[PDB]
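Content type mmCIF, C-alpha atoms, from the file protein.cif:
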```
data_final
#
loop_
_atom_site.group_PDB
_atom_site.id
_atom_site.type_symbol
_atom_site.label_atom_id
_atom_site.label_comp_id
_atom_site.auth_asym_id
_atom_site.auth_seq_id
_atom_site.Cartn_x
_atom_site.Cartn_y
_atom_site.Cartn_z
ATOM 1 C CA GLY A 21 -53.465 -87.022 51.102
ATOM 2 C CA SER A 22 -51.236 -84.135 52.131
ATOM 3 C CA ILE A 23 -52.779 -80.739 52.839
ATOM 4 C CA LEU A 24 -51.394 -77.555 51.306
ATOM 5 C CA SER A 25 -52.006 -74.165 52.875
ATOM 6 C CA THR A 26 -50.904 -70.939 51.221
ATOM 7 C CA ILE A 27 -48.403 -68.963 53.265
ATOM 8 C CA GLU A 28 -49.770 -65.661 54.487
ATOM 9 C CA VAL A 29 -47.717 -62.487 54.541
ATOM 10 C CA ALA A 30 -49.010 -59.779 56.814
ATOM 11 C CA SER A 31 -47.651 -56.298 56.366
ATOM 12 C CA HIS A 32 -49.118 -52.829 56.358
ATOM 13 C CA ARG A 33 -47.894 -49.832 54.418
ATOM 14 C CA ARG A 34 -48.608 -46.115 54.308
ATOM 15 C CA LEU A 35 -47.761 -45.129 50.751
ATOM 16 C CA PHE A 36 -49.634 -41.823 50.873
ATOM 17 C CA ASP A 37 -47.494 -40.632 53.777
ATOM 18 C CA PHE A 38 -44.694 -40.232 51.273
ATOM 19 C CA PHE A 39 -46.978 -38.118 49.104
ATOM 20 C CA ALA A 40 -47.949 -36.043 52.161
ATOM 21 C CA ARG A 41 -47.120 -35.471 55.835
ATOM 22 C CA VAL A 42 -49.345 -37.314 58.313
ATOM 23 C CA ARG A 43 -49.888 -37.476 62.075
ATOM 24 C CA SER A 44 -51.801 -40.706 62.680
ATOM 25 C CA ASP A 45 -53.006 -41.827 66.103
ATOM 26 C CA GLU A 46 -50.721 -44.492 67.574
ATOM 27 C CA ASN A 47 -53.454 -46.996 68.447
ATOM 28 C CA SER A 48 -55.232 -46.946 65.079
ATOM 29 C CA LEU A 49 -53.965 -49.076 62.211
ATOM 30 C CA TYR A 50 -53.461 -46.994 59.085
ATOM 31 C CA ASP B 51 17.169 -41.365 8.434
ATOM 32 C CA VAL B 52 13.798 -42.920 9.202
ATOM 33 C CA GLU B 53 12.369 -44.095 12.528
ATOM 34 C CA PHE B 54 8.960 -44.731 14.011
ATOM 35 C CA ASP B 55 7.036 -46.056 16.977
ATOM 36 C CA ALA B 56 4.336 -48.630 17.214
ATOM 37 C CA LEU B 57 1.454 -50.205 19.060
ATOM 38 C CA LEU B 58 1.483 -53.963 18.959
ATOM 39 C CA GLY B 59 -2.120 -54.026 20.014
ATOM 40 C CA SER B 60 -4.583 -53.502 22.809
ATOM 41 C CA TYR B 61 -6.162 -56.097 25.063
ATOM 42 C CA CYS B 62 -9.511 -55.738 26.768
ATOM 43 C CA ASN B 63 -11.285 -57.820 29.360
ATOM 44 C CA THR B 64 -14.840 -59.093 29.507
ATOM 45 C CA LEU B 65 -16.885 -58.836 32.670
ATOM 46 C CA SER B 66 -18.878 -61.998 33.267
ATOM 47 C CA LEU B 67 -22.522 -61.328 34.073
ATOM 48 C CA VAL B 68 -23.649 -63.804 36.714
ATOM 49 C CA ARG B 69 -27.291 -64.664 37.148
ATOM 50 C CA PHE B 70 -28.044 -65.697 40.689
ATOM 51 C CA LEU B 71 -30.237 -68.444 39.285
ATOM 52 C CA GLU B 72 -27.282 -69.961 37.466
ATOM 53 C CA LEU B 73 -25.659 -70.561 40.827
ATOM 54 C CA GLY B 74 -26.518 -73.820 42.445
ATOM 55 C CA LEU B 75 -27.087 -71.867 45.619
ATOM 56 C CA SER B 76 -30.503 -70.701 44.468
ATOM 57 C CA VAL B 77 -31.802 -73.917 45.788
ATOM 58 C CA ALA B 78 -31.989 -72.392 49.222
ATOM 59 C CA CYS B 79 -33.900 -69.317 48.060
ATOM 60 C CA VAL B 80 -37.443 -68.824 47.074
ATOM 61 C CA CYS B 81 -37.218 -65.645 45.075
ATOM 62 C CA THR B 82 -40.346 -63.505 45.064
ATOM 63 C CA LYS B 83 -40.555 -59.797 44.456
ATOM 64 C CA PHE B 84 -42.365 -57.080 46.241
ATOM 65 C CA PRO B 85 -43.340 -54.575 43.604
ATOM 66 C CA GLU B 86 -43.539 -52.429 46.730
ATOM 67 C CA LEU B 87 -41.440 -53.040 49.796
ATOM 68 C CA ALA B 88 -40.049 -49.706 50.873
ATOM 69 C CA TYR B 89 -43.514 -48.661 52.052
ATOM 70 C CA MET B 90 -43.639 -51.651 54.425
ATOM 71 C CA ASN B 91 -42.557 -51.057 57.996
ATOM 72 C CA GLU B 92 -43.022 -54.322 59.890
ATOM 73 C CA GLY B 93 -44.085 -57.307 57.861
ATOM 74 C CA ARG B 94 -44.822 -60.714 59.290
ATOM 75 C CA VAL B 95 -45.116 -64.164 57.776
ATOM 76 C CA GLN B 96 -47.774 -66.534 59.073
ATOM 77 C CA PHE B 97 -48.247 -70.229 58.460
ATOM 78 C CA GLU B 98 -49.807 -73.199 60.212
ATOM 79 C CA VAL B 99 -47.669 -75.620 62.167
ATOM 80 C CA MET C 1 -29.469 -29.101 46.614
ATOM 81 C CA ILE C 2 -25.968 -30.127 47.580
ATOM 82 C CA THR C 3 -25.266 -26.445 48.250
ATOM 83 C CA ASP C 4 -28.897 -25.362 48.705
ATOM 84 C CA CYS C 5 -30.193 -28.198 50.869
ATOM 85 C CA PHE C 6 -28.155 -31.039 52.219
ATOM 86 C CA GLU C 7 -30.176 -34.167 52.898
ATOM 87 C CA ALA C 8 -28.285 -35.949 55.649
ATOM 88 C CA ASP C 9 -30.435 -39.041 56.054
ATOM 89 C CA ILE C 10 -30.749 -40.688 59.457
ATOM 90 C CA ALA C 11 -31.929 -44.223 58.761
ATOM 91 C CA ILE C 12 -34.582 -45.834 60.945
ATOM 92 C CA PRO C 13 -34.117 -49.549 61.781
ATOM 93 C CA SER C 14 -36.600 -52.359 61.174
ATOM 94 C CA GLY C 15 -37.719 -53.236 64.689
ATOM 95 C CA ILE C 16 -39.515 -50.284 66.275
ATOM 96 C CA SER C 17 -42.908 -50.610 67.939
ATOM 97 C CA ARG C 18 -45.722 -48.511 66.496
ATOM 98 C CA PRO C 19 -46.122 -46.624 69.809
ATOM 99 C CA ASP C 20 -42.407 -45.849 69.594
ATOM 100 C CA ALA C 21 -42.469 -45.135 65.863
ATOM 101 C CA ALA C 22 -45.425 -42.758 66.186
ATOM 102 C CA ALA C 23 -43.563 -41.060 69.028
ATOM 103 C CA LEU C 24 -41.086 -39.803 66.429
ATOM 104 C CA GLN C 25 -43.813 -38.074 64.432
ATOM 105 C CA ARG C 26 -43.811 -35.413 67.155
ATOM 106 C CA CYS C 27 -40.085 -34.806 66.626
ATOM 107 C CA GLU C 28 -40.528 -32.266 63.850
ATOM 108 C CA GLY C 29 -38.620 -29.144 64.818
ATOM 109 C CA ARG C 30 -35.630 -30.487 66.685
ATOM 110 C CA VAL C 31 -31.845 -30.199 66.859
ATOM 111 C CA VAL C 32 -29.648 -33.179 66.007
ATOM 112 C CA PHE C 33 -25.909 -33.058 66.636
ATOM 113 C CA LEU C 34 -24.369 -34.703 63.613
ATOM 114 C CA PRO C 35 -20.761 -35.758 64.185
ATOM 115 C CA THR C 36 -19.926 -35.550 60.465
ATOM 116 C CA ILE C 37 -21.794 -34.586 57.294
ATOM 117 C CA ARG C 38 -22.299 -38.082 55.947
ATOM 118 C CA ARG C 39 -25.333 -38.608 53.744
ATOM 119 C CA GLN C 40 -26.262 -41.867 55.526
ATOM 120 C CA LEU C 41 -26.233 -42.141 59.313
ATOM 121 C CA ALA C 42 -27.910 -44.173 62.041
ATOM 122 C CA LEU C 43 -29.826 -43.286 65.199
ATOM 123 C CA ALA C 44 -27.032 -44.733 67.346
ATOM 124 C CA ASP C 45 -24.710 -42.013 66.044
ATOM 125 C CA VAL C 46 -27.404 -39.446 66.824
ATOM 126 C CA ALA C 47 -28.616 -40.723 70.196
ATOM 127 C CA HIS C 48 -27.014 -40.112 73.571
ATOM 128 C CA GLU C 49 -25.058 -43.378 73.385
ATOM 129 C CA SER C 50 -22.947 -41.671 70.755
ATOM 130 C CA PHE C 51 -22.425 -38.786 73.147
ATOM 131 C CA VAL C 52 -21.183 -40.956 76.022
ATOM 132 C CA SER C 53 -17.448 -41.468 76.549
ATOM 133 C CA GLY C 54 -15.811 -44.521 78.090
ATOM 134 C CA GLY C 55 -17.943 -45.208 81.143
ATOM 135 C CA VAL C 56 -18.782 -41.522 81.606
ATOM 136 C CA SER C 57 -21.721 -39.563 80.278
ATOM 137 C CA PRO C 58 -20.989 -35.958 81.278
ATOM 138 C CA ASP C 59 -23.146 -33.436 83.088
ATOM 139 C CA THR C 60 -25.101 -30.586 81.484
ATOM 140 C CA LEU C 61 -22.164 -28.179 81.756
ATOM 141 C CA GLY C 62 -20.062 -30.762 79.943
ATOM 142 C CA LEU C 63 -22.915 -31.521 77.540
ATOM 143 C CA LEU C 64 -22.149 -28.196 75.844
ATOM 144 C CA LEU C 65 -18.553 -29.174 75.339
ATOM 145 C CA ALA C 66 -19.123 -31.703 72.558
ATOM 146 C CA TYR C 67 -22.008 -29.915 70.895
ATOM 147 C CA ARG C 68 -19.435 -27.489 69.509
ATOM 148 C CA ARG C 69 -17.336 -30.434 68.347
ATOM 149 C CA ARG C 70 -20.311 -31.495 66.216
ATOM 150 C CA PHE C 71 -22.731 -30.219 63.579
ATOM 151 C CA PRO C 72 -26.210 -29.129 64.700
ATOM 152 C CA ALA C 73 -28.969 -29.980 62.238
ATOM 153 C CA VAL C 74 -32.747 -29.645 62.251
ATOM 154 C CA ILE C 75 -35.117 -32.483 61.360
ATOM 155 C CA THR C 76 -37.034 -31.605 58.208
ATOM 156 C CA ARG C 77 -39.484 -34.503 57.897
ATOM 157 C CA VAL C 78 -39.959 -37.799 59.734
ATOM 158 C CA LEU C 79 -40.576 -40.503 57.171
ATOM 159 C CA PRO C 80 -41.366 -44.060 58.320
ATOM 160 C CA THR C 81 -38.020 -45.343 57.027
ATOM 161 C CA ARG C 82 -35.740 -42.354 57.604
ATOM 162 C CA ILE C 83 -35.305 -38.942 59.207
ATOM 163 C CA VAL C 84 -33.930 -36.110 57.077
ATOM 164 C CA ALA C 85 -32.024 -33.184 58.563
ATOM 165 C CA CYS C 86 -30.262 -30.338 56.799
ATOM 166 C CA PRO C 87 -27.088 -29.157 58.553
ATOM 167 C CA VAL C 88 -27.193 -25.559 59.709
ATOM 168 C CA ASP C 89 -23.733 -24.567 58.488
ATOM 169 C CA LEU C 90 -23.813 -25.812 54.884
ATOM 170 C CA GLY C 91 -27.181 -24.821 53.499
ATOM 171 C CA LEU C 92 -30.615 -24.453 54.933
ATOM 172 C CA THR C 93 -33.150 -25.436 52.240
ATOM 173 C CA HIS C 94 -34.000 -24.534 48.639
ATOM 174 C CA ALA C 95 -35.233 -21.123 49.787
ATOM 175 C CA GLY C 96 -33.098 -21.152 52.917
ATOM 176 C CA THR C 97 -35.804 -21.293 55.603
ATOM 177 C CA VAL C 98 -36.280 -24.160 58.061
ATOM 178 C CA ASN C 99 -38.738 -24.437 60.960
ATOM 179 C CA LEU C 100 -37.714 -25.086 64.562
ATOM 180 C CA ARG C 101 -40.004 -25.738 67.518
ATOM 181 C CA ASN C 102 -40.011 -23.999 70.877
ATOM 182 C CA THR C 103 -39.251 -26.606 73.468
ATOM 183 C CA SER C 104 -38.456 -23.565 75.604
ATOM 184 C CA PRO C 105 -40.716 -22.257 78.340
ATOM 185 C CA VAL C 106 -39.726 -18.913 76.855
ATOM 186 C CA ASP C 107 -41.403 -16.919 74.106
ATOM 187 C CA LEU C 108 -39.207 -15.649 71.283
ATOM 188 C CA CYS C 109 -39.168 -12.430 69.275
ATOM 189 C CA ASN C 110 -38.420 -11.653 65.644
ATOM 190 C CA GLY C 111 -34.836 -11.011 64.645
ATOM 191 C CA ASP C 112 -33.287 -12.195 67.890
ATOM 192 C CA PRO C 113 -30.505 -14.780 67.522
ATOM 193 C CA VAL C 114 -31.394 -18.157 68.989
ATOM 194 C CA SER C 115 -28.915 -20.220 70.988
ATOM 195 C CA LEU C 116 -29.567 -23.868 71.711
ATOM 196 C CA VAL C 117 -28.879 -25.087 75.243
ATOM 197 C CA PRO C 118 -28.993 -28.557 76.901
ATOM 198 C CA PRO C 119 -32.110 -29.349 78.975
ATOM 199 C CA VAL C 120 -31.160 -27.494 82.144
ATOM 200 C CA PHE C 121 -34.577 -26.232 83.291
ATOM 201 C CA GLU C 122 -36.756 -27.846 85.953
ATOM 202 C CA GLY C 123 -39.675 -29.919 84.731
ATOM 203 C CA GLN C 124 -38.123 -29.710 81.279
ATOM 204 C CA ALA C 125 -35.540 -32.506 80.803
ATOM 205 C CA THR C 126 -37.735 -34.492 78.432
ATOM 206 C CA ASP C 127 -35.762 -37.052 76.439
ATOM 207 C CA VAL C 128 -37.795 -39.043 73.921
ATOM 208 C CA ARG C 129 -36.754 -42.607 74.730
ATOM 209 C CA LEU C 130 -36.930 -45.476 72.258
ATOM 210 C CA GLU C 131 -38.219 -48.388 74.301
ATOM 211 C CA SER C 132 -37.985 -50.674 71.271
ATOM 212 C CA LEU C 133 -34.284 -49.851 70.838
ATOM 213 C CA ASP C 134 -33.018 -48.552 74.236
ATOM 214 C CA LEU C 135 -32.005 -45.142 72.889
ATOM 215 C CA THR C 136 -32.534 -41.680 74.334
ATOM 216 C CA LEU C 137 -32.622 -38.419 72.396
ATOM 217 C CA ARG C 138 -31.546 -35.463 74.507
ATOM 218 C CA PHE C 139 -33.193 -32.686 72.543
ATOM 219 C CA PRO C 140 -31.638 -29.297 73.348
ATOM 220 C CA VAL C 141 -33.630 -26.169 74.069
ATOM 221 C CA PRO C 142 -33.635 -23.174 71.682
ATOM 222 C CA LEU C 143 -33.373 -20.033 73.818
ATOM 223 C CA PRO C 144 -32.964 -16.261 73.494
ATOM 224 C CA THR C 145 -29.379 -15.074 73.753
ATOM 225 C CA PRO C 146 -30.073 -12.672 76.692
ATOM 226 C CA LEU C 147 -31.002 -15.823 78.599
ATOM 227 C CA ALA C 148 -28.542 -18.277 77.082
ATOM 228 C CA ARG C 149 -25.522 -16.338 78.299
ATOM 229 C CA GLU C 150 -26.871 -16.050 81.857
ATOM 230 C CA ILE C 151 -27.791 -19.737 82.010
ATOM 231 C CA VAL C 152 -24.223 -20.677 81.134
ATOM 232 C CA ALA C 153 -23.111 -18.041 83.645
ATOM 233 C CA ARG C 154 -25.089 -19.613 86.493
ATOM 234 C CA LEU C 155 -23.614 -23.036 85.754
ATOM 235 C CA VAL C 156 -19.999 -21.854 85.567
ATOM 236 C CA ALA C 157 -20.436 -19.923 88.812
ATOM 237 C CA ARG C 158 -21.946 -22.999 90.482
ATOM 238 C CA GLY C 159 -18.866 -25.124 89.821
#
```

What is this structure when it is put down as C-alpha cells?
Amino acid sequence: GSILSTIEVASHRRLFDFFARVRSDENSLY
Amino acid sequence: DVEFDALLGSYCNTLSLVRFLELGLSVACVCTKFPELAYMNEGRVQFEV
Amino acid sequence: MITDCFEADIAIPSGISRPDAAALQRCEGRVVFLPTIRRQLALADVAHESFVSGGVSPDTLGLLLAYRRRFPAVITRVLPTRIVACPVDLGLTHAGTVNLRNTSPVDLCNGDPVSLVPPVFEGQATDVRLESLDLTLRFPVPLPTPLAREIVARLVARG
C-alpha cells in the first residue's frame, strides 16, 4: 500500500546565450 | 672472428579498464545522465517528505 | 589563438544568486589583474582578497604597486559558467582589437595611450560586490595619460 512519487528536478538553462550574447533582466526567469 | 648482439625479448603491460559498475561501490550511486548539464546554473531536487 | 588570442578562463562557482549573477553581465569592458597566465583561474584569485596581504589591504597609492607585479587583462565575454579574458601583453584577439569601457568621468580621444588607474576619484569608487560569495572587484579606471601622470603626482605629493 506504499505510495511512490517521482522525484522532481528543477533547473533552468539558457542554451541560446552560448549561441549569442544576452542581457536579461534580473527579476525575469529566462 | 664473429660476434653479435641480441634482444631476448620485449615485455609489455596491459592497462585494466575498470567499469564503475563493476565496483561494488555503485550501490551507493544512482547513475543518471544529463544529456545537457553545462547549460544548467542552479538546479534543485524536490521530493515529498 | 595561443599567440593570437589567449583564453584565460576565470571559472564561476555554483552558488551565485541570480541578482548577483546578472550583476556580472554588466562587467563587459573591464580590467582584471591576472597574477599568472594560467588557462584556468578562479574569482578568488581575481578578487580583492587575492590582492590583500597578511592583515593589510593597502591604500590606493599602494594599490598601484602590485598591479605592475601582475598581468592586466580585459574581459571578453561573460558566460554563465565562466569569464574569458585575453591578457594584454601576449595577444589581443584574432584580429587584435578588444573593447574596453569608460568607467572614467573623462572623455577619451583617438590615438591617445590609455593608462589604467585605481578608483581614486570622488563618487567613483564603485566595486561590484558579490553578496552570494563575499567578494569585491575593484575595477580600475582607464584614463588619459595627461591626467594619469598628474593623478599619481598628486598622491605622491600628498604623502

- request: Restrict the distance test to all atoms listed in the file, flag each residue of chain A within 8 Å of chain B, and return the flagged residues as a PyMOL selection string.
  value: chain A and resi 25-35

Chain A residues near chain C (9 Å cut-off, only C-alpha atoms) as a list in words: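 Listed by rising number, the hits are residues 34, 37, 38, 41, 42, 43, 44, 45, 46 and 47 of chain A.
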
Since I can't run it myself right now, could you work out what the PyMOL selection byres ((chain C and resi 29) around 10) selects here and report it as a PDB file with C-alpha atoms, in the coordinates of the input?
```pdb
ATOM      1  CA  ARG C  26     -43.811 -35.413  67.155  1.00  0.00           C
ATOM      2  CA  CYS C  27     -40.085 -34.806  66.626  1.00  0.00           C
ATOM      3  CA  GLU C  28     -40.528 -32.266  63.850  1.00  0.00           C
ATOM      4  CA  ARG C  30     -35.630 -30.487  66.685  1.00  0.00           C
ATOM      5  CA  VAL C  31     -31.845 -30.199  66.859  1.00  0.00           C
ATOM      6  CA  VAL C  32     -29.648 -33.179  66.007  1.00  0.00           C
ATOM      7  CA  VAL C  74     -32.747 -29.645  62.251  1.00  0.00           C
ATOM      8  CA  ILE C  75     -35.117 -32.483  61.360  1.00  0.00           C
ATOM      9  CA  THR C  76     -37.034 -31.605  58.208  1.00  0.00           C
ATOM     10  CA  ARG C  77     -39.484 -34.503  57.897  1.00  0.00           C
ATOM     11  CA  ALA C  85     -32.024 -33.184  58.563  1.00  0.00           C
ATOM     12  CA  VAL C  98     -36.280 -24.160  58.061  1.00  0.00           C
ATOM     13  CA  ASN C  99     -38.738 -24.437  60.960  1.00  0.00           C
ATOM     14  CA  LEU C 100     -37.714 -25.086  64.562  1.00  0.00           C
ATOM     15  CA  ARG C 101     -40.004 -25.738  67.518  1.00  0.00           C
ATOM     16  CA  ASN C 102     -40.011 -23.999  70.877  1.00  0.00           C
ATOM     17  CA  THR C 103     -39.251 -26.606  73.468  1.00  0.00           C
TER      18      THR C 103
END
```

query: Taking the file as shown, what set of residues would the PyMOL selection byres ((chain C) within 8 of (chain B)) give back, as a list in words?
result: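 Checking the PyMOL selection byres ((chain C) within 8 of (chain B)) against this file, the residues are residues 14, 15, 80 and 81 of chain C.
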
Pull C-alpha atoms from the residues just selected and write them as a PDB file, in the coordinates of the input.
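Output saved as again.pdb:
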```
ATOM      1  CA  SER C  14     -36.600 -52.359  61.174  1.00  0.00           C
ATOM      2  CA  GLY C  15     -37.719 -53.236  64.689  1.00  0.00           C
ATOM      3  CA  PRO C  80     -41.366 -44.060  58.320  1.00  0.00           C
ATOM      4  CA  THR C  81     -38.020 -45.343  57.027  1.00  0.00           C
TER       5      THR C  81
END
```

Result set, the PyMOL selection byres ((chain C and resi 12) around 8) on current file, as a ChimeraX atom specification: /C:10-11,13-14,42-43,80-83

Keeping only C-alpha atoms, write the selected residues as a CSV table (one decimal), keeping the file's coordinate frame.
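And here's out.csv as it stands now:
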```csv
chain,number,residue,atom,x,y,z
C,10,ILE,CA,-30.7,-40.7,59.5
C,11,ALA,CA,-31.9,-44.2,58.8
C,13,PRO,CA,-34.1,-49.5,61.8
C,14,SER,CA,-36.6,-52.4,61.2
C,42,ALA,CA,-27.9,-44.2,62.0
C,43,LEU,CA,-29.8,-43.3,65.2
C,80,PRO,CA,-41.4,-44.1,58.3
C,81,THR,CA,-38.0,-45.3,57.0
C,82,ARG,CA,-35.7,-42.4,57.6
C,83,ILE,CA,-35.3,-38.9,59.2
```

message: I'd like the contact shell of segment 93-97 of chain C - 7 Å cut-off, all atoms listed in the file, skipping same-chain residues fewer than 6 positions apart - returned as an MDAnalysis selection string.
response: chainID C and resid 1 4:5

- prompt: Suppose you want the space between atom CA of residue 45 of chain C and atom CA of residue 121 of chain C; what is it in Å?
  reply: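 A separation of 25.4 Å between them.
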
Separation of atom CA of residue 124 of chain C from atom CA of residue 107 of chain C in Å: 15.0 Å

Two-atom distance - atom CA of residue 68 of chain B, atom CA of residue 83 of chain B (Å):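 If I compute the distance from atom CA of residue 68 of chain B to atom CA of residue 83 of chain B, I get 19.0 Å.
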
For the point (-27.1, -42.7, 68.3) in file coordinates, what residues are within 10 Å, counting all atoms listed in the file? Give the answer as a PDB file with C-alpha atoms, in the coordinates of the input?
```pdb
ATOM      1  CA  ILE C  10     -30.749 -40.688  59.457  1.00  0.00           C
ATOM      2  CA  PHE C  33     -25.909 -33.058  66.636  1.00  0.00           C
ATOM      3  CA  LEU C  34     -24.369 -34.703  63.613  1.00  0.00           C
ATOM      4  CA  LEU C  41     -26.233 -42.141  59.313  1.00  0.00           C
ATOM      5  CA  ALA C  42     -27.910 -44.173  62.041  1.00  0.00           C
ATOM      6  CA  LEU C  43     -29.826 -43.286  65.199  1.00  0.00           C
ATOM      7  CA  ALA C  44     -27.032 -44.733  67.346  1.00  0.00           C
ATOM      8  CA  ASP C  45     -24.710 -42.013  66.044  1.00  0.00           C
ATOM      9  CA  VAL C  46     -27.404 -39.446  66.824  1.00  0.00           C
ATOM     10  CA  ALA C  47     -28.616 -40.723  70.196  1.00  0.00           C
ATOM     11  CA  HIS C  48     -27.014 -40.112  73.571  1.00  0.00           C
ATOM     12  CA  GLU C  49     -25.058 -43.378  73.385  1.00  0.00           C
ATOM     13  CA  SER C  50     -22.947 -41.671  70.755  1.00  0.00           C
ATOM     14  CA  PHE C  51     -22.425 -38.786  73.147  1.00  0.00           C
ATOM     15  CA  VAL C  52     -21.183 -40.956  76.022  1.00  0.00           C
ATOM     16  CA  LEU C 135     -32.005 -45.142  72.889  1.00  0.00           C
ATOM     17  CA  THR C 136     -32.534 -41.680  74.334  1.00  0.00           C
ATOM     18  CA  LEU C 137     -32.622 -38.419  72.396  1.00  0.00           C
TER      19      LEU C 137
END
```
